[PDB]
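There is one chain below, alone, in structure tokens, taken in the form deposited in one PDB entry.
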């Protein structure tokens, strides 16, 4: 029986329209963890303008294992955008658990097309803020 710990983190990126124009910008959340108290620290990482040429039309979104003194940790994850009413939308999940090590991320290079994000009718940048919600399910050996 795998032993699984569920935790989550909400991140608001303020002043989204002030992200850098040149490609390559990385923005990261504060670190977060489960209560399991095992020295693991995670964060979210966003490339507002894509990771590379093929993905330049998208925002990329990754889960990063920032600190981990053990060889490896397996975890499932899910990311959602919170809309102008506070509800989850446009979520995508990893489906299976991915193997993290310290400094490794897993996520979605093409999380959402930027033109959809920047279309006010979709209500995803209210007050120039992008709010993302990450749910993680980590396997505890």
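Positions refer to the first chain, counted from 1. Under this definition, the rigid core comprises the largest set of C-alpha atoms superposing within 1.5 Å between the forms.
A second form of this protein, the form deposited in another entry, is not displayed here; the remarks below concern that form.
Peer 1: Give the option from 93, 115, 38, 88 whose C-alpha shifts by 2 Å or more between the shown form and the other one; the alignment is on the rigid core.
Peer 2: That would be 38.
Peer 1: Rigid core fitted, then: does residue 23 show a CA shift of 2 angstroms or greater between the shown form and the other one?
Peer 2: Superposed on the core, residue 23 moves its C-alpha 2 Å or more between the shown form and the other one.
Peer 1: Does residue 56 show a Cα shift reaching 2 Å between the shown form and the other one after rigid-core superposition?
Peer 2: False for residue 56: its C-alpha shift is below 2 Å.
Peer 1: Compared with this form, is the residue 24-residue 11 Cα separation smaller or larger in the other entry, the difference being 3 Å or more?
Peer 2: Between the C-alphas of residue 11 and residue 24, the gap narrows in the other entry (3 Å or more compared with this form).
Peer 1: Any idea whether residue 22 and residue 49 get closer or farther by CA distance in the other entry, knowing it moves 3 angstroms or more?
Peer 2: It is farther: the C-alpha separation of residue 22 and residue 49 rises by at least 3 Å in the other entry.
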